[PDB]
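**Student:** Take a look at the following structure, please.
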Amino acid sequence: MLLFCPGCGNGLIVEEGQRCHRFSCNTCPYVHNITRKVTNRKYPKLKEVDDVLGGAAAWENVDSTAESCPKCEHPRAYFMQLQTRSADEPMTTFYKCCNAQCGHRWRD
Amino acid sequence: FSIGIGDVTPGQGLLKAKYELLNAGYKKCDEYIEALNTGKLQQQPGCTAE
Amino acid sequence: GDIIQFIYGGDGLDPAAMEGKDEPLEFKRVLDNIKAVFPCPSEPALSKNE
Amino acid sequence: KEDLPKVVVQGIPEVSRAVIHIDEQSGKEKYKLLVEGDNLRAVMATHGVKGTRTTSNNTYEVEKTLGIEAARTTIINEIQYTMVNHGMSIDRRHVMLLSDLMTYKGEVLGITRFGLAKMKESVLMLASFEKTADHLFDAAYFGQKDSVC
Amino acid sequence: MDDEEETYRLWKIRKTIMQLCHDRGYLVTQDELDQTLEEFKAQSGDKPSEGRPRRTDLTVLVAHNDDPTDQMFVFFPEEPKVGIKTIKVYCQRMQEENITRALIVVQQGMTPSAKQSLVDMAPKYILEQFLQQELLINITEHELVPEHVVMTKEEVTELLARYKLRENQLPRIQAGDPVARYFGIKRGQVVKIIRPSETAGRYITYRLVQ
Ligand SMILES: [Zn+2]
Ligand SMILES: [Zn+2]
């Protein structure tokens, strides 16, 4: 931790003495006798367990619609909207995702 | 072929059709706030509850 | 004078002059196109073995 | 006391973060391990992940590990993966010719100011790219012949 | 548990070395190639850590199939870090009977002075090195590595006469390439590359090694 001297006001660093170590400083004569036990306990931040990302569980969060996809004739599919600048004028595009045994991703 | 202000107009049955949807949306949205406050929304993907 | 590629693309085909997503031409479309432009009622049909 | 946490106990110091992705199908389930690092030689040579089936994103590292011929294929897949994310469509040989342009002479050369000097050997075209008089005076100093072709 | 993983990792690199010596062109019997773990434990024991399966016994002699009076030496250094005299005594142990080509499978990091001393002299004796960590998977058939085949000069001249070009015209490849160091080709050699495809077929390409 941070410990200062009461006389001068500077900091102290532990050094070796004659028989045992002592708290001394290089600014003014001041020695403190080391006693039975002084101890500082710290609690470093531990790490947690990581989660598995991806899967249909997270895909159920986003809501889907009813539009057929011409790959396997399956009506269930996810639709999203996006803004894109075309060559002539602004144009809103839709991203299509097939929620089936094939699972394709299209952009029309 | 022409367009006017009559083509784009709210329908009679359309005003109350979206009103109930907006009301249900707000009624579902003002509950997740207190759910987050007291502690709820068990998140499956690794992320922040916010 | 250094050679870059032995054959452009692998077959030497212009991507501009192509019919279908990478293909030279579609054969079923040409098939049923020639099937109707040249009707030959007098000529009879034949089996697969011949 | 401030480097005890810094001392790594296990793993690869290169890889930072790893997450497992779940793939679903008709009835089968698959688990794919995607990590975020650069040293592929160490992760692919592991007991867990199959070293046979593994794809990377760094072209320089994949040409250092696999080879120069295997880097021309991964540089085409990344370009096509970016073109289908925009709703566009390009031809296969259009990018196959560009991938073979920086693969025929040596290693994977980039289209920069330094790589263009390694590709072409004309000082006149570099006169517009470079600065006040450096190349112009070094040309008169060395005395090389420029071919007008 | 660590010793089992060590035994598995060393069996893996042994299998890769055997596959390399097999597809290089040497005469290797199939029984040694596809050796099972139960059969591998019968010729060398698992325990202890560095006792019975010592690197002094891990030293095999490969026989060239084309030339009968031609054999290659290949072994593993005993100590992890390579030295200067430990490889000298080994290459002199290899030089004494009938061997001129030897392979060292290095276990840990290398020494630059050792590499320099090895690259200085190459009159008839050549020493090639291979890291143990990188030799844990076959690089030839990984996912997208096109099949490479070493050609002969009688076909090189025919290929030159076919397209009417020079050796400089042929695209060159690096000699410090994993595939090039795998097949072990020196300067002035062409390699045939077969590129498969699922739309038309497979294309043929020719490359030079520098
Ligand atoms: Zn003091
Ligand atoms: Zn589908």
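Letters for chains follow the order of the structure tokens (A, B, ...), residue numbers begin at 1 for each chain, and ligand numbers begin at 1 in the order shown.
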May I ask you to write as a list in words all residues lying at most 9 Å from ligand 1, with only C-alpha atoms and all ligand atoms counted?
**Tutor:** residues 4, 5, 6, 7, 8, 9, 10, 11, 12, 24, 25, 26, 27, 28, 29, 30 and 31 of chain A
**Student:** I need the chosen residues saved as a short mmCIF file (atom, residue, chain, number, x, y, z; two decimals), in the first residue's frame, with N, CA and C atoms.
**Tutor:**
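Printed below is selection-v6.cif as written:
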```cif
data_model
loop_
_atom_site.label_atom_id
_atom_site.label_comp_id
_atom_site.auth_asym_id
_atom_site.auth_seq_id
_atom_site.Cartn_x
_atom_site.Cartn_y
_atom_site.Cartn_z
N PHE A 4 3.48 6.68 4.61
CA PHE A 4 4.35 7.85 4.69
C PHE A 4 4.89 8.00 6.11
N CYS A 5 5.91 8.84 6.24
CA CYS A 5 6.56 9.13 7.51
C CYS A 5 5.86 10.30 8.21
N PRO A 6 5.62 10.20 9.52
CA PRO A 6 4.96 11.30 10.23
C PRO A 6 5.85 12.51 10.45
N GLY A 7 7.16 12.33 10.57
CA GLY A 7 8.07 13.44 10.79
C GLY A 7 8.23 14.34 9.58
N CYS A 8 8.83 13.81 8.52
CA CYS A 8 9.05 14.61 7.31
C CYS A 8 7.79 14.64 6.44
N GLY A 9 7.32 13.47 6.02
CA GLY A 9 6.15 13.39 5.17
C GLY A 9 6.41 12.63 3.88
N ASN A 10 7.59 12.03 3.77
CA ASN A 10 7.97 11.28 2.59
C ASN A 10 7.60 9.81 2.77
N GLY A 11 7.91 8.99 1.77
CA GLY A 11 7.58 7.58 1.80
C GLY A 11 8.72 6.73 2.33
N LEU A 12 8.37 5.55 2.82
CA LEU A 12 9.32 4.61 3.39
C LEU A 12 9.38 3.34 2.56
N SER A 24 12.45 1.80 6.86
CA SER A 24 13.35 2.95 6.85
C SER A 24 13.06 3.82 5.64
N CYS A 25 13.70 4.99 5.62
CA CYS A 25 13.58 5.93 4.51
C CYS A 25 14.88 6.70 4.37
N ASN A 26 15.09 7.28 3.19
CA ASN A 26 16.31 8.00 2.86
C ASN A 26 16.11 9.51 2.88
N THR A 27 15.22 10.01 3.72
CA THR A 27 14.97 11.45 3.83
C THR A 27 15.19 11.98 5.23
N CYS A 28 14.91 11.17 6.26
CA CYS A 28 15.09 11.58 7.64
C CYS A 28 15.27 10.33 8.49
N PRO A 29 16.05 10.39 9.57
CA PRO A 29 16.21 9.20 10.43
C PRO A 29 14.89 8.75 11.04
N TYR A 30 14.41 7.58 10.63
CA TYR A 30 13.17 7.03 11.15
C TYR A 30 13.14 5.54 10.81
N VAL A 31 13.13 4.69 11.84
CA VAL A 31 13.08 3.25 11.67
C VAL A 31 11.92 2.70 12.48
#
```
**Student:** Residues within 10 Å of stretch 130-133 of chain D, please, as a PDB file with N, CA and C atoms, in the first residue's frame. Count only C-alpha atoms; anything in the same chain fewer than 6 positions from it doesn't count.
**Tutor:**
```
ATOM      1  N   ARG D 113       2.478   1.076 -54.182  1.00  0.00           N
ATOM      2  CA  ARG D 113       3.523   1.805 -54.890  1.00  0.00           C
ATOM      3  C   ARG D 113       4.829   1.022 -54.940  1.00  0.00           C
ATOM      4  N   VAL D 123      10.324   3.624 -65.615  1.00  0.00           N
ATOM      5  CA  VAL D 123      10.488   4.773 -64.732  1.00  0.00           C
ATOM      6  C   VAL D 123       9.505   5.882 -65.094  1.00  0.00           C
ATOM      7  N   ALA D 139      17.753   7.582 -61.958  1.00  0.00           N
ATOM      8  CA  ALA D 139      17.769   6.987 -63.291  1.00  0.00           C
ATOM      9  C   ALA D 139      18.966   7.478 -64.094  1.00  0.00           C
TER      10      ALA D 139
END
```
**Student:** Ligand 2: which residues are within 6 Å, counting only C-alpha atoms and all ligand atoms, as an MDAnalysis selection string?
**Tutor:** chainID A and resid 71:72 98 102:104
**Student:** With chain D as the partner and 12 Å as the cut-off, tabulate the residues of chain C that qualify, each row holding the nearest pair of atoms and their distance in Å to one decimal, using only C-alpha atoms, sorted by chain and rising number, as JSON lines.
**Tutor:**
```
{"residue": "C:1", "atom": "CA", "partner": "D:149", "partner_atom": "CA", "distance": 10.7}
{"residue": "C:2", "atom": "CA", "partner": "D:105", "partner_atom": "CA", "distance": 9.2}
{"residue": "C:3", "atom": "CA", "partner": "D:104", "partner_atom": "CA", "distance": 8.5}
{"residue": "C:4", "atom": "CA", "partner": "D:104", "partner_atom": "CA", "distance": 6.2}
{"residue": "C:5", "atom": "CA", "partner": "D:100", "partner_atom": "CA", "distance": 7.3}
{"residue": "C:6", "atom": "CA", "partner": "D:100", "partner_atom": "CA", "distance": 10.8}
{"residue": "C:7", "atom": "CA", "partner": "D:97", "partner_atom": "CA", "distance": 10.0}
{"residue": "C:8", "atom": "CA", "partner": "D:97", "partner_atom": "CA", "distance": 7.3}
{"residue": "C:9", "atom": "CA", "partner": "D:93", "partner_atom": "CA", "distance": 4.8}
{"residue": "C:10", "atom": "CA", "partner": "D:93", "partner_atom": "CA", "distance": 8.2}
{"residue": "C:11", "atom": "CA", "partner": "D:93", "partner_atom": "CA", "distance": 9.9}
{"residue": "C:12", "atom": "CA", "partner": "D:93", "partner_atom": "CA", "distance": 9.7}
{"residue": "C:13", "atom": "CA", "partner": "D:93", "partner_atom": "CA", "distance": 9.4}
{"residue": "C:14", "atom": "CA", "partner": "D:93", "partner_atom": "CA", "distance": 9.4}
{"residue": "C:15", "atom": "CA", "partner": "D:91", "partner_atom": "CA", "distance": 6.7}
{"residue": "C:16", "atom": "CA", "partner": "D:91", "partner_atom": "CA", "distance": 9.1}
{"residue": "C:17", "atom": "CA", "partner": "D:91", "partner_atom": "CA", "distance": 11.7}
{"residue": "C:18", "atom": "CA", "partner": "D:91", "partner_atom": "CA", "distance": 10.5}
{"residue": "C:20", "atom": "CA", "partner": "D:91", "partner_atom": "CA", "distance": 11.2}
{"residue": "C:21", "atom": "CA", "partner": "D:91", "partner_atom": "CA", "distance": 8.3}
{"residue": "C:22", "atom": "CA", "partner": "D:91", "partner_atom": "CA", "distance": 7.0}
{"residue": "C:23", "atom": "CA", "partner": "D:91", "partner_atom": "CA", "distance": 10.5}
```
**Student:** Quick one: of A:15, A:1, A:94, A:23, who's nearest to residue A:40, counting only C-alpha atoms?
**Tutor:** A:1
**Student:** Quick one: residues within 6 Å of stretch 58-71 of chain E, only C-alpha atoms counted, chain neighbours fewer than 3 positions away excluded, as a PyMOL selection string?
**Tutor:** chain E and resi 26-27+55+74-75
**Student:** What parts of stretch 42-94 of chain A does DSSP call helix (DSSP H, G or I)? I'd like the answer as JSON, numbers by chain.
**Tutor:** {"A": [56, 57, 58, 59]}
**Student:** At a cut-off of 12 Å, can you tabulate as CSV every residue of chain A near chain D together with its closest atom pair and the distance in Å to one decimal, using only C-alpha atoms and ordering rows by chain then number?
**Tutor:**
```
residue,atom,partner,partner_atom,distance
A:42,CA,D:1,CA,10.7
A:44,CA,D:5,CA,9.0
A:45,CA,D:5,CA,10.2
A:46,CA,D:5,CA,10.4
A:47,CA,D:5,CA,11.5
A:49,CA,D:19,CA,11.1
A:50,CA,D:19,CA,7.6
A:51,CA,D:19,CA,7.3
A:52,CA,D:20,CA,5.4
A:53,CA,D:21,CA,5.7
A:54,CA,D:21,CA,5.2
A:55,CA,D:22,CA,5.0
A:56,CA,D:24,CA,7.9
A:57,CA,D:22,CA,9.9
A:58,CA,D:22,CA,10.8
A:59,CA,D:22,CA,11.6
A:82,CA,D:86,CA,10.8
A:83,CA,D:86,CA,11.4
A:84,CA,D:86,CA,9.2
A:85,CA,D:86,CA,11.1
A:86,CA,D:86,CA,11.2
A:93,CA,D:87,CA,9.2
A:94,CA,D:87,CA,10.0
A:95,CA,D:87,CA,9.1
A:96,CA,D:87,CA,11.1
A:98,CA,D:25,CA,11.8
A:99,CA,D:25,CA,9.8
A:100,CA,D:25,CA,7.4
A:101,CA,D:26,CA,4.7
A:102,CA,D:25,CA,6.8
A:103,CA,D:25,CA,8.0
A:104,CA,D:25,CA,11.6
A:105,CA,D:85,CA,9.2
A:106,CA,D:87,CA,7.8
A:107,CA,D:87,CA,5.1
A:108,CA,D:87,CA,6.3
```
**Student:** Sorted by chain and rising residue number, which residues of chain E lie within 9 Å of chain C, and what are their closest atom pairs and distances in Å to one decimal, counting only C-alpha atoms, as a Markdown table?
**Tutor:**
```
| residue | atom | partner | partner_atom | distance |
| --- | --- | --- | --- | --- |
| E:165 | CA | C:3 | CA | 8.9 |
| E:168 | CA | C:2 | CA | 7.7 |
| E:169 | CA | C:2 | CA | 4.9 |
| E:170 | CA | C:3 | CA | 6.9 |
| E:171 | CA | C:3 | CA | 7.4 |
| E:203 | CA | C:10 | CA | 6.8 |
| E:205 | CA | C:6 | CA | 7.4 |
| E:206 | CA | C:6 | CA | 8.7 |
```
**Student:** Only C-alpha atoms, please: the residues just picked out, written as a short mmCIF file (atom, residue, chain, number, x, y, z; two decimals), in the first residue's frame.
**Tutor:**
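Full text of selection06.cif as output:
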```
data_model
loop_
_atom_site.label_atom_id
_atom_site.label_comp_id
_atom_site.auth_asym_id
_atom_site.auth_seq_id
_atom_site.Cartn_x
_atom_site.Cartn_y
_atom_site.Cartn_z
CA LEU E 165 8.95 -20.68 -74.73
CA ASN E 168 12.40 -18.03 -67.76
CA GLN E 169 8.95 -17.76 -69.35
CA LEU E 170 7.63 -20.56 -67.14
CA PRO E 171 6.36 -19.19 -63.79
CA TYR E 203 -7.13 -28.36 -65.51
CA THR E 205 -0.83 -26.22 -65.06
CA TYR E 206 2.97 -26.20 -65.21
#
```
**Student:** Give me, as a ChimeraX atom specification, all polymer residues having an atom no more than 12 Å from residue E:140, counting only C-alpha atoms and skipping those fewer than 2 positions away in the same chain.
**Tutor:** /D:52,66-67,69-70 /E:16,19-20,23-24,135,137-138,142-149,178-183,193
**Student:** Save the residues we just selected, C-alpha atoms, as a short mmCIF file (atom, residue, chain, number, x, y, z; two decimals), in the first residue's frame?
**Tutor:**
```cif
data_model
loop_
_atom_site.label_atom_id
_atom_site.label_comp_id
_atom_site.auth_asym_id
_atom_site.auth_seq_id
_atom_site.Cartn_x
_atom_site.Cartn_y
_atom_site.Cartn_z
CA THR D 52 -7.45 -31.27 -42.41
CA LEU D 66 -0.02 -23.87 -46.73
CA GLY D 67 1.75 -22.41 -49.75
CA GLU D 69 -0.61 -22.20 -54.81
CA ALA D 70 -3.10 -22.57 -51.94
CA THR E 16 3.32 -38.05 -41.86
CA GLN E 19 3.48 -40.88 -46.03
CA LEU E 20 6.06 -38.38 -47.29
CA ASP E 23 4.64 -40.53 -52.10
CA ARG E 24 8.13 -39.13 -52.72
CA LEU E 135 4.78 -31.83 -39.32
CA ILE E 137 -0.84 -32.75 -40.53
CA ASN E 138 -0.48 -33.76 -44.16
CA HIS E 142 -5.71 -30.56 -46.70
CA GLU E 143 -8.70 -28.80 -48.27
CA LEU E 144 -7.74 -26.99 -51.47
CA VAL E 145 -4.10 -27.89 -52.17
CA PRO E 146 -4.01 -28.90 -55.85
CA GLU E 147 -2.28 -32.19 -56.62
CA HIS E 148 1.37 -31.62 -57.51
CA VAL E 149 3.57 -34.07 -59.43
CA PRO E 178 6.03 -25.99 -47.63
CA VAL E 179 5.13 -28.08 -50.69
CA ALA E 180 8.52 -27.47 -52.33
CA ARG E 181 10.37 -28.41 -49.14
CA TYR E 182 8.01 -31.39 -48.79
CA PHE E 183 8.79 -32.83 -52.22
CA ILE E 193 -0.51 -29.00 -60.93
#
```
**Student:** What's around residue E:105 at 7 Å? Count only C-alpha atoms, leave out sequence neighbours fewer than 2 positions away in its own chain, and write the answer as a PyMOL selection string.
**Tutor:** chain E and resi 75-76+103+107+129-132
**Student:** Take the residues that were just selected and, keeping N, CA and C atoms, output them as a PDB file, in the first residue's frame.
**Tutor:**
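This is the output file part.pdb:
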```
ATOM      1  N   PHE E  75      16.267 -39.185 -38.809  1.00  0.00           N
ATOM      2  CA  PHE E  75      16.284 -39.349 -37.363  1.00  0.00           C
ATOM      3  C   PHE E  75      15.828 -38.071 -36.670  1.00  0.00           C
ATOM      4  N   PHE E  76      15.820 -38.136 -35.334  1.00  0.00           N
ATOM      5  CA  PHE E  76      15.389 -37.070 -34.442  1.00  0.00           C
ATOM      6  C   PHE E  76      16.503 -36.741 -33.460  1.00  0.00           C
ATOM      7  N   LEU E 103      17.977 -36.716 -43.005  1.00  0.00           N
ATOM      8  CA  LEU E 103      16.909 -35.823 -42.579  1.00  0.00           C
ATOM      9  C   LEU E 103      16.896 -35.760 -41.056  1.00  0.00           C
ATOM     10  N   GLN E 107      12.997 -30.889 -32.846  1.00  0.00           N
ATOM     11  CA  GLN E 107      11.912 -30.924 -31.871  1.00  0.00           C
ATOM     12  C   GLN E 107      11.525 -29.525 -31.399  1.00  0.00           C
ATOM     13  N   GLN E 129      16.102 -29.968 -42.802  1.00  0.00           N
ATOM     14  CA  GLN E 129      15.497 -29.871 -41.483  1.00  0.00           C
ATOM     15  C   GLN E 129      13.984 -29.756 -41.604  1.00  0.00           C
ATOM     16  N   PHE E 130      13.281 -30.219 -40.572  1.00  0.00           N
ATOM     17  CA  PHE E 130      11.825 -30.171 -40.530  1.00  0.00           C
ATOM     18  C   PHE E 130      11.377 -30.022 -39.085  1.00  0.00           C
ATOM     19  N   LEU E 131      10.543 -29.018 -38.826  1.00  0.00           N
ATOM     20  CA  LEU E 131      10.056 -28.778 -37.474  1.00  0.00           C
ATOM     21  C   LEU E 131       9.024 -29.830 -37.087  1.00  0.00           C
ATOM     22  N   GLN E 132       9.053 -30.244 -35.818  1.00  0.00           N
ATOM     23  CA  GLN E 132       8.123 -31.269 -35.354  1.00  0.00           C
ATOM     24  C   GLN E 132       6.700 -30.728 -35.265  1.00  0.00           C
TER      25      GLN E 132
END
```
**Student:** Pick out the residues sitting within 10 Å of residue D:122, and hand them over as JSON, numbers by chain; count only C-alpha atoms, and ignore anything fewer than 2 positions along from it in its own chain.
**Tutor:** {"D": [116, 117, 119, 120, 124, 125, 126, 127, 144, 145, 146, 147, 148, 149]}
**Student:** Take the residues from that selection and put them in a file with C-alpha atoms, as a CSV table (one decimal), in the first residue's frame.
**Tutor:**
```csv
chain,number,residue,atom,x,y,z
D,116,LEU,CA,4.1,-1.9,-58.8
D,117,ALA,CA,7.8,-1.1,-59.0
D,119,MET,CA,5.8,-5.7,-61.3
D,120,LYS,CA,6.6,-3.1,-63.9
D,124,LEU,CA,8.2,7.0,-66.8
D,125,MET,CA,5.0,5.6,-65.3
D,126,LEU,CA,6.4,5.8,-61.8
D,127,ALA,CA,7.3,9.5,-62.5
D,144,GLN,CA,19.1,2.0,-67.3
D,145,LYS,CA,17.4,1.5,-70.6
D,146,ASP,CA,13.6,2.1,-70.7
D,147,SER,CA,11.8,-0.1,-73.2
D,148,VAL,CA,8.9,1.7,-75.0
D,149,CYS,CA,6.4,-1.2,-75.1
```
**Student:** Enumerate as an MDAnalysis selection string the residues belonging to chain B that approach chain A to within 12 Å, with only C-alpha atoms taken into account.
**Tutor:** chainID B and resid 43:48
**Student:** Where in chain A does DSSP assign strand (DSSP E or B), given as a ChimeraX atom specification?
**Tutor:** /A:4,11,13-16,21-24,32-33,65-69,74-85,90-98,105-107
**Student:** Given a cut-off of 12 Å, which residues of chain D touch chain E, counting only C-alpha atoms, written out as number ranges by chain?
**Tutor:** D: 39-56, 62-74, 77, 92, 100-108
**Student:** Would you put the residues from that selection into a file with C-alpha atoms, as a PDB file, in the first residue's frame?
**Tutor:**
```
ATOM      1  CA  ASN D  39      -0.775 -18.243 -36.014  1.00  0.00           C
ATOM      2  CA  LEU D  40      -2.695 -21.013 -37.763  1.00  0.00           C
ATOM      3  CA  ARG D  41       0.267 -23.424 -37.690  1.00  0.00           C
ATOM      4  CA  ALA D  42      -0.246 -23.820 -33.932  1.00  0.00           C
ATOM      5  CA  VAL D  43      -4.045 -24.169 -33.828  1.00  0.00           C
ATOM      6  CA  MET D  44      -4.295 -26.549 -36.794  1.00  0.00           C
ATOM      7  CA  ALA D  45      -1.647 -28.810 -35.207  1.00  0.00           C
ATOM      8  CA  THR D  46      -3.869 -29.579 -32.221  1.00  0.00           C
ATOM      9  CA  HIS D  47      -5.526 -32.766 -30.986  1.00  0.00           C
ATOM     10  CA  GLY D  48      -9.005 -31.230 -30.812  1.00  0.00           C
ATOM     11  CA  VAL D  49      -9.599 -29.473 -34.122  1.00  0.00           C
ATOM     12  CA  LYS D  50      -9.060 -31.541 -37.257  1.00  0.00           C
ATOM     13  CA  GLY D  51      -6.083 -30.054 -39.070  1.00  0.00           C
ATOM     14  CA  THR D  52      -7.449 -31.265 -42.405  1.00  0.00           C
ATOM     15  CA  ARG D  53     -10.609 -29.113 -42.401  1.00  0.00           C
ATOM     16  CA  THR D  54      -9.583 -25.563 -41.478  1.00  0.00           C
ATOM     17  CA  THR D  55      -9.905 -22.260 -43.353  1.00  0.00           C
ATOM     18  CA  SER D  56      -8.153 -18.952 -42.648  1.00  0.00           C
ATOM     19  CA  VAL D  62      -2.018 -18.960 -45.326  1.00  0.00           C
ATOM     20  CA  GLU D  63       0.669 -18.648 -48.011  1.00  0.00           C
ATOM     21  CA  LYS D  64       3.316 -18.959 -45.280  1.00  0.00           C
ATOM     22  CA  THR D  65       1.677 -22.084 -43.828  1.00  0.00           C
ATOM     23  CA  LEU D  66      -0.023 -23.874 -46.731  1.00  0.00           C
ATOM     24  CA  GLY D  67       1.750 -22.411 -49.754  1.00  0.00           C
ATOM     25  CA  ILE D  68       1.639 -19.967 -52.658  1.00  0.00           C
ATOM     26  CA  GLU D  69      -0.607 -22.196 -54.806  1.00  0.00           C
ATOM     27  CA  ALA D  70      -3.100 -22.570 -51.939  1.00  0.00           C
ATOM     28  CA  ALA D  71      -3.215 -18.786 -51.454  1.00  0.00           C
ATOM     29  CA  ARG D  72      -4.683 -18.136 -54.913  1.00  0.00           C
ATOM     30  CA  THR D  73      -7.802 -20.117 -53.965  1.00  0.00           C
ATOM     31  CA  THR D  74      -8.487 -18.425 -50.612  1.00  0.00           C
ATOM     32  CA  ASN D  77     -13.267 -17.108 -52.082  1.00  0.00           C
ATOM     33  CA  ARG D  92     -15.329 -16.495 -61.871  1.00  0.00           C
ATOM     34  CA  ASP D 100      -3.080 -15.228 -61.020  1.00  0.00           C
ATOM     35  CA  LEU D 101      -1.574 -11.788 -61.719  1.00  0.00           C
ATOM     36  CA  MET D 102       0.013 -11.560 -58.243  1.00  0.00           C
ATOM     37  CA  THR D 103       0.886 -15.266 -58.081  1.00  0.00           C
ATOM     38  CA  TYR D 104       2.874 -16.021 -61.261  1.00  0.00           C
ATOM     39  CA  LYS D 105       6.229 -14.346 -60.546  1.00  0.00           C
ATOM     40  CA  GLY D 106       6.931 -14.770 -56.836  1.00  0.00           C
ATOM     41  CA  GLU D 107       4.848 -14.662 -53.672  1.00  0.00           C
ATOM     42  CA  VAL D 108       1.593 -12.795 -53.030  1.00  0.00           C
TER      43      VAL D 108
END
```
**Student:** In Å, rounded to a single decimal, give me how far atom CA of residue A:61 is from atom CA of residue B:42.
**Tutor:**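 So the two atoms, atom CA of residue B:42 and atom CA of residue A:61, lie 12.6 Å apart.
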**Student:** Report, in Å to a single decimal, how far apart atom CA of residue E:15 and atom CA of residue E:45 are.
**Tutor:**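 Computed distance, atom CA of residue E:45 to atom CA of residue E:15, equals 16.8 Å.
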**Student:** Quick one: distance from atom CA of residue E:42 to atom CA of residue E:81 in Å, one decimal?
**Tutor:** 29.4 Å
